[PDB]
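Source file: run_35.cif (mmCIF, C-alpha atoms)
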```cif
data_model
#
loop_
_atom_site.label_atom_id
_atom_site.label_comp_id
_atom_site.auth_asym_id
_atom_site.auth_seq_id
_atom_site.Cartn_x
_atom_site.Cartn_y
_atom_site.Cartn_z
CA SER A 18 23.22 -2.28 -45.23
CA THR A 19 25.05 -2.24 -48.54
CA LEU A 20 25.16 -5.89 -49.60
CA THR A 21 22.49 -6.89 -52.11
CA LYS A 22 21.88 -10.12 -54.00
CA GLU A 23 22.73 -8.31 -57.24
CA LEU A 24 26.07 -7.02 -55.93
CA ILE A 25 27.16 -10.37 -54.46
CA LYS A 26 26.26 -12.27 -57.62
CA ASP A 27 28.16 -9.72 -59.73
CA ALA A 28 31.26 -10.01 -57.52
CA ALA A 29 31.13 -13.81 -57.70
CA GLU A 30 30.82 -13.68 -61.50
CA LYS A 31 33.79 -11.33 -61.84
CA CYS A 32 36.06 -13.01 -59.35
CA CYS A 33 35.33 -16.74 -59.00
CA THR A 34 35.46 -19.61 -61.51
CA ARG A 35 32.18 -21.00 -62.84
CA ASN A 36 32.23 -24.03 -60.57
CA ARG A 37 32.93 -21.91 -57.49
CA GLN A 38 30.22 -19.29 -57.98
CA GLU A 39 27.85 -20.73 -55.40
CA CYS A 40 30.62 -21.10 -52.87
CA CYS A 41 31.71 -17.49 -53.37
CA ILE A 42 28.12 -16.28 -52.98
CA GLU A 43 27.90 -18.35 -49.78
CA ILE A 44 31.01 -16.97 -48.12
CA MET A 45 29.91 -13.44 -49.00
CA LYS A 46 26.40 -13.81 -47.56
CA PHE A 47 27.70 -15.52 -44.42
CA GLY A 48 30.62 -13.15 -44.04
CA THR A 49 33.35 -15.81 -43.89
CA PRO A 50 36.79 -16.33 -45.46
CA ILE A 51 37.18 -17.69 -48.98
CA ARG A 52 37.78 -21.47 -49.08
CA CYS A 53 35.97 -22.85 -52.09
CA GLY A 54 38.47 -25.45 -53.17
CA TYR A 55 41.14 -22.98 -54.19
CA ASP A 56 43.82 -25.54 -53.19
CA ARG A 57 46.31 -25.91 -56.04
CA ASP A 58 47.53 -22.32 -55.73
CA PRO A 59 47.54 -21.14 -52.09
CA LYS A 60 47.97 -17.51 -53.16
CA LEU A 61 44.78 -17.47 -55.18
CA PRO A 62 42.27 -17.09 -52.28
CA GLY A 63 44.09 -13.88 -51.41
CA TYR A 64 43.68 -12.51 -54.91
CA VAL A 65 40.01 -13.51 -54.97
CA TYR A 66 39.59 -11.62 -51.69
CA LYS A 67 40.97 -8.48 -53.29
CA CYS A 68 38.82 -8.88 -56.39
CA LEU A 69 35.67 -9.36 -54.26
CA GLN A 70 36.43 -6.34 -52.08
CA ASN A 71 36.97 -4.19 -55.16
CA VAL A 72 33.57 -5.14 -56.61
CA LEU A 73 31.50 -5.15 -53.39
CA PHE A 74 32.90 -1.87 -52.14
CA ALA A 75 33.47 -0.10 -55.47
CA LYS A 76 31.36 2.88 -54.39
CA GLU A 77 32.58 2.94 -50.78
CA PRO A 78 36.34 2.27 -50.93
CA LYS A 79 36.81 3.22 -47.27
CA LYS A 80 34.97 0.01 -46.35
CA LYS A 81 37.85 -2.10 -47.67
CA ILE A 82 40.72 -3.46 -45.57
CA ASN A 83 44.01 -4.63 -47.04
CA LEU A 84 44.32 -8.42 -46.76
CA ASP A 85 47.84 -8.05 -45.33
CA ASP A 86 46.48 -6.38 -42.21
CA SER A 87 45.18 -9.76 -41.03
CA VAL A 88 48.70 -10.59 -39.84
CA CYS A 89 48.29 -7.88 -37.17
CA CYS A 90 45.70 -10.04 -35.44
CA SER A 91 48.45 -12.14 -33.85
CA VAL A 92 48.97 -9.45 -31.25
CA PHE A 93 45.81 -10.38 -29.38
CA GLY A 94 47.23 -13.74 -28.42
CA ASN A 95 49.95 -12.01 -26.41
CA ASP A 96 47.28 -11.92 -23.74
CA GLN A 97 48.30 -15.45 -22.71
CA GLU A 98 44.74 -16.28 -21.65
CA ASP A 99 42.02 -18.16 -23.49
CA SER A 100 40.15 -14.94 -24.29
CA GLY A 101 43.26 -13.60 -25.98
CA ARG A 102 43.49 -16.56 -28.35
CA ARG A 103 39.75 -16.34 -28.94
CA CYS A 104 39.95 -12.67 -29.92
CA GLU A 105 43.03 -13.42 -32.07
CA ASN A 106 41.14 -16.12 -33.98
CA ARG A 107 37.99 -13.98 -34.29
CA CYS A 108 40.19 -11.18 -35.67
CA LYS A 109 41.90 -13.49 -38.18
CA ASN A 110 38.53 -14.73 -39.42
CA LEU A 111 37.03 -11.23 -39.69
CA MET A 112 40.10 -9.81 -41.41
CA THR A 113 40.03 -12.46 -44.11
CA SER A 114 36.23 -12.24 -44.79
CA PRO A 115 35.91 -10.12 -47.96
CA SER A 116 32.27 -9.15 -47.53
CA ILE A 117 32.55 -7.73 -44.01
CA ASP A 118 33.11 -4.00 -44.12
CA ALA A 119 35.78 -2.23 -42.09
CA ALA A 120 33.52 -0.74 -39.42
CA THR A 121 31.82 -4.04 -38.69
CA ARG A 122 35.12 -5.89 -38.36
CA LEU A 123 36.75 -3.22 -36.23
CA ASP A 124 33.77 -2.84 -33.91
CA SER A 125 33.87 -6.60 -33.21
CA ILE A 126 37.64 -6.68 -32.76
CA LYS A 127 37.59 -3.62 -30.47
CA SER A 128 34.81 -5.25 -28.44
CA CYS A 129 36.63 -8.52 -27.80
CA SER A 130 39.77 -6.70 -26.78
CA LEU A 131 38.01 -4.16 -24.49
CA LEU A 132 39.86 -5.35 -21.40
CA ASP A 133 43.15 -5.35 -23.34
CA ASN A 134 43.11 -1.83 -24.78
CA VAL A 135 46.90 -1.84 -25.15
CA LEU A 136 46.69 -4.80 -27.54
CA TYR A 137 43.98 -3.11 -29.66
CA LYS A 138 46.19 -0.01 -29.96
CA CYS A 139 49.09 -2.23 -31.06
CA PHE A 140 46.82 -3.90 -33.63
CA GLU A 141 45.95 -0.46 -35.00
CA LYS A 142 49.62 0.59 -34.97
CA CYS A 143 50.55 -2.56 -36.91
CA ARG A 144 47.94 -1.61 -39.54
CA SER A 145 49.36 1.94 -39.76
CA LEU A 146 52.93 0.64 -40.18
CA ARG A 147 51.76 -1.74 -42.98
CA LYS A 148 50.04 1.25 -44.66
CA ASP A 149 53.32 3.19 -44.25
CA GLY A 150 55.33 0.70 -46.29
CA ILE A 151 56.76 -1.57 -43.60
CA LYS A 152 56.47 -5.29 -44.36
CA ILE A 153 55.15 -5.90 -40.83
CA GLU A 154 56.13 -9.59 -40.77
CA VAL A 155 59.72 -8.27 -40.59
CA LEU A 156 59.09 -6.73 -37.14
CA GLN A 157 57.69 -8.45 -34.07
CA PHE A 158 55.16 -6.40 -32.10
CA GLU A 159 57.67 -5.96 -29.31
CA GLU A 160 59.68 -3.74 -31.68
CA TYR A 161 57.05 -1.10 -32.32
CA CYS A 162 54.63 -1.75 -29.48
CA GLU A 163 56.68 -1.20 -26.30
CA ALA A 164 53.98 -2.21 -23.84
#
```

Output the file's structure in the form of structure tokens.
Amino acid sequence: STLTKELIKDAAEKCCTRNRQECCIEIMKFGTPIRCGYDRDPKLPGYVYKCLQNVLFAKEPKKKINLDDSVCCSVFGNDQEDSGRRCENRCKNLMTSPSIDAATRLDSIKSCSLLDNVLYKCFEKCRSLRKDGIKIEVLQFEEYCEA
């Protein structure tokens, strides 16, 4: 749709170390989270995610999603059923995959939570509160999602 070989290689070159170029290209083409041996500093994968999003979606900024919104995914597990945990994990993976645009992630998350609409609305509310300046980790969903 928007991802090209040129764009992915450029993002990898601008954001990943020389030895991790291939790995960065791989997680972008497969649409997965950044691993790549960024072990010494656990905060680095997060910064690489932001760098990659900024290069891949430079022309279409609305396709980006703040990395912090991935914490909102925990709400899907409140559906104490296997499908709830499955959607929660799917959400966490999607929300930490830098090359997957917003619409694609949200369509998949909305689809797995179709029989739990209340939880999807809470997920969206959590994202709005994060955008509004609330460090969401401070509040449990029960505090701003009353259902």

Counting all atoms listed in the file, note down every residue that has an atom within 10 Å of the point (43.5, -4.0, -51.0) (file coordinates), as JSON, numbers by chain. {"A": [63, 64, 66, 67, 68, 70, 71, 78, 81, 82, 83, 84, 85, 86]}

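Comparing A:32, A:112, A:93, A:123 by their smallest distance to residue A:136, the closest is A:93 (using all atoms listed in the file).
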
Calculate how many Å separate atom CA of residue A:48 from atom CA of residue A:114, rounding to one decimal.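 Answer for the atom CA of residue A:48 to atom CA of residue A:114 separation: 5.7 Å.
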
Quick one: everything within 12 Å of residue A:153, counting all atoms listed in the file, minus sequence neighbours fewer than 2 positions away in the same chain. Send it as a ChimeraX atom specification. /A:85-92,140,142-151,155-161

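Residue nearest residue A:119 within the list A:25, A:80, A:30, A:141: A:80 [criterion: smallest interatomic distance, only C-alpha atoms].
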
Using the chain letters and numbers from the file, which residues does the PyMOL selection byres ((chain A and resi 35-45) around 10) grab, as a ChimeraX atom specification? /A:20,22,24-34,46-55,65-66,69,73,114-117

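Among the candidate residues A:154, A:124, A:118, A:164, the one lying nearest to residue A:79 is A:118, with distances computed using all atoms listed in the file.
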
The residues within 10 Å of (45.7, -9.6, -24.3), using all atoms listed in the file and the coordinates of the file, should be reported as a PyMOL selection string; which are they? chain A and resi 92-102+104-105+129-137

Could you turn the residues from that selection into a file that holds C-alpha atoms, as a PDB file, in the coordinates of the input?
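Saved to out.pdb:
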```pdb
ATOM      1  CA  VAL A  92      48.970  -9.450 -31.250  1.00  0.00           C
ATOM      2  CA  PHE A  93      45.810 -10.380 -29.380  1.00  0.00           C
ATOM      3  CA  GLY A  94      47.230 -13.740 -28.420  1.00  0.00           C
ATOM      4  CA  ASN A  95      49.950 -12.010 -26.410  1.00  0.00           C
ATOM      5  CA  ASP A  96      47.280 -11.920 -23.740  1.00  0.00           C
ATOM      6  CA  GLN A  97      48.300 -15.450 -22.710  1.00  0.00           C
ATOM      7  CA  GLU A  98      44.740 -16.280 -21.650  1.00  0.00           C
ATOM      8  CA  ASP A  99      42.020 -18.160 -23.490  1.00  0.00           C
ATOM      9  CA  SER A 100      40.150 -14.940 -24.290  1.00  0.00           C
ATOM     10  CA  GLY A 101      43.260 -13.600 -25.980  1.00  0.00           C
ATOM     11  CA  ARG A 102      43.490 -16.560 -28.350  1.00  0.00           C
ATOM     12  CA  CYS A 104      39.950 -12.670 -29.920  1.00  0.00           C
ATOM     13  CA  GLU A 105      43.030 -13.420 -32.070  1.00  0.00           C
ATOM     14  CA  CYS A 129      36.630  -8.520 -27.800  1.00  0.00           C
ATOM     15  CA  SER A 130      39.770  -6.700 -26.780  1.00  0.00           C
ATOM     16  CA  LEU A 131      38.010  -4.160 -24.490  1.00  0.00           C
ATOM     17  CA  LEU A 132      39.860  -5.350 -21.400  1.00  0.00           C
ATOM     18  CA  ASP A 133      43.150  -5.350 -23.340  1.00  0.00           C
ATOM     19  CA  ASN A 134      43.110  -1.830 -24.780  1.00  0.00           C
ATOM     20  CA  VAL A 135      46.900  -1.840 -25.150  1.00  0.00           C
ATOM     21  CA  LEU A 136      46.690  -4.800 -27.540  1.00  0.00           C
ATOM     22  CA  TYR A 137      43.980  -3.110 -29.660  1.00  0.00           C
TER      23      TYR A 137
END
```

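The two atoms in question, atom CA of residue A:111 and atom CA of residue A:23, are spaced 22.8 Å apart.
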
What's the separation between atom CA of residue A:107 and atom CA of residue A:128, in Å to one decimal place?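 Atom CA of residue A:107 sits 11.0 Å away from atom CA of residue A:128.
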
Once you've located stretch 143-164 of chain A in the structure I gave, write it as a PDB file, in the first residue's frame, keeping N, CA and C atoms.
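That gives us selection_9.pdb:
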```pdb
ATOM      1  N   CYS A 143      -8.804   4.716  26.608  1.00  0.00           N
ATOM      2  CA  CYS A 143      -7.466   4.717  27.168  1.00  0.00           C
ATOM      3  C   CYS A 143      -6.528   5.487  26.223  1.00  0.00           C
ATOM      4  N   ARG A 144      -6.636   5.258  24.911  1.00  0.00           N
ATOM      5  CA  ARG A 144      -5.781   5.974  23.972  1.00  0.00           C
ATOM      6  C   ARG A 144      -6.045   7.484  24.028  1.00  0.00           C
ATOM      7  N   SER A 145      -7.322   7.866  24.110  1.00  0.00           N
ATOM      8  CA  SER A 145      -7.691   9.285  24.194  1.00  0.00           C
ATOM      9  C   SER A 145      -7.126   9.916  25.462  1.00  0.00           C
ATOM     10  N   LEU A 146      -7.249   9.232  26.599  1.00  0.00           N
ATOM     11  CA  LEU A 146      -6.705   9.772  27.853  1.00  0.00           C
ATOM     12  C   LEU A 146      -5.173   9.948  27.770  1.00  0.00           C
ATOM     13  N   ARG A 147      -4.478   8.992  27.148  1.00  0.00           N
ATOM     14  CA  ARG A 147      -3.015   9.093  26.982  1.00  0.00           C
ATOM     15  C   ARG A 147      -2.719  10.362  26.147  1.00  0.00           C
ATOM     16  N   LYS A 148      -3.452  10.524  25.054  1.00  0.00           N
ATOM     17  CA  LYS A 148      -3.307  11.687  24.172  1.00  0.00           C
ATOM     18  C   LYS A 148      -3.586  12.985  24.953  1.00  0.00           C
ATOM     19  N   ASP A 149      -4.499  12.914  25.917  1.00  0.00           N
ATOM     20  CA  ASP A 149      -4.860  14.086  26.737  1.00  0.00           C
ATOM     21  C   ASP A 149      -3.889  14.417  27.874  1.00  0.00           C
ATOM     22  N   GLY A 150      -2.792  13.677  27.980  1.00  0.00           N
ATOM     23  CA  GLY A 150      -1.820  14.001  29.009  1.00  0.00           C
ATOM     24  C   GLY A 150      -1.825  13.175  30.278  1.00  0.00           C
ATOM     25  N   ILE A 151      -2.690  12.170  30.340  1.00  0.00           N
ATOM     26  CA  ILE A 151      -2.756  11.297  31.507  1.00  0.00           C
ATOM     27  C   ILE A 151      -1.794  10.129  31.318  1.00  0.00           C
ATOM     28  N   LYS A 152      -0.897   9.922  32.278  1.00  0.00           N
ATOM     29  CA  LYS A 152       0.017   8.783  32.215  1.00  0.00           C
ATOM     30  C   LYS A 152      -0.934   7.643  32.572  1.00  0.00           C
ATOM     31  N   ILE A 153      -1.487   6.982  31.559  1.00  0.00           N
ATOM     32  CA  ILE A 153      -2.474   5.928  31.785  1.00  0.00           C
ATOM     33  C   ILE A 153      -2.140   4.801  32.757  1.00  0.00           C
ATOM     34  N   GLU A 154      -0.856   4.467  32.889  1.00  0.00           N
ATOM     35  CA  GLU A 154      -0.422   3.432  33.820  1.00  0.00           C
ATOM     36  C   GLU A 154      -0.807   3.790  35.259  1.00  0.00           C
ATOM     37  N   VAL A 155      -1.051   5.076  35.503  1.00  0.00           N
ATOM     38  CA  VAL A 155      -1.441   5.578  36.822  1.00  0.00           C
ATOM     39  C   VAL A 155      -2.871   5.160  37.206  1.00  0.00           C
ATOM     40  N   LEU A 156      -3.724   5.016  36.195  1.00  0.00           N
ATOM     41  CA  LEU A 156      -5.127   4.637  36.381  1.00  0.00           C
ATOM     42  C   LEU A 156      -5.379   3.214  35.905  1.00  0.00           C
ATOM     43  N   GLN A 157      -6.254   2.493  36.592  1.00  0.00           N
ATOM     44  CA  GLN A 157      -6.604   1.156  36.135  1.00  0.00           C
ATOM     45  C   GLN A 157      -7.866   1.399  35.324  1.00  0.00           C
ATOM     46  N   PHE A 158      -8.149   0.535  34.348  1.00  0.00           N
ATOM     47  CA  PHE A 158      -9.312   0.758  33.494  1.00  0.00           C
ATOM     48  C   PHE A 158     -10.587   0.978  34.261  1.00  0.00           C
ATOM     49  N   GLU A 159     -10.719   0.302  35.393  1.00  0.00           N
ATOM     50  CA  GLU A 159     -11.923   0.432  36.213  1.00  0.00           C
ATOM     51  C   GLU A 159     -12.198   1.876  36.638  1.00  0.00           C
ATOM     52  N   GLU A 160     -11.172   2.722  36.600  1.00  0.00           N
ATOM     53  CA  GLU A 160     -11.327   4.125  37.004  1.00  0.00           C
ATOM     54  C   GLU A 160     -11.847   5.062  35.927  1.00  0.00           C
ATOM     55  N   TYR A 161     -11.737   4.677  34.662  1.00  0.00           N
ATOM     56  CA  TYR A 161     -12.252   5.563  33.633  1.00  0.00           C
ATOM     57  C   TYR A 161     -13.148   4.828  32.661  1.00  0.00           C
ATOM     58  N   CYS A 162     -13.231   3.515  32.850  1.00  0.00           N
ATOM     59  CA  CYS A 162     -14.118   2.665  32.068  1.00  0.00           C
ATOM     60  C   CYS A 162     -14.936   2.024  33.184  1.00  0.00           C
ATOM     61  N   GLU A 163     -16.193   2.555  33.346  1.00  0.00           N
ATOM     62  CA  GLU A 163     -17.094   2.058  34.380  1.00  0.00           C
ATOM     63  C   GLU A 163     -17.962   0.868  34.004  1.00  0.00           C
ATOM     64  N   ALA A 164     -17.656   0.161  32.972  1.00  0.00           N
ATOM     65  CA  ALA A 164     -18.442  -1.008  32.593  1.00  0.00           C
ATOM     66  C   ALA A 164     -17.572  -2.237  32.322  1.00  0.00           C
TER      67      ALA A 164
END
```
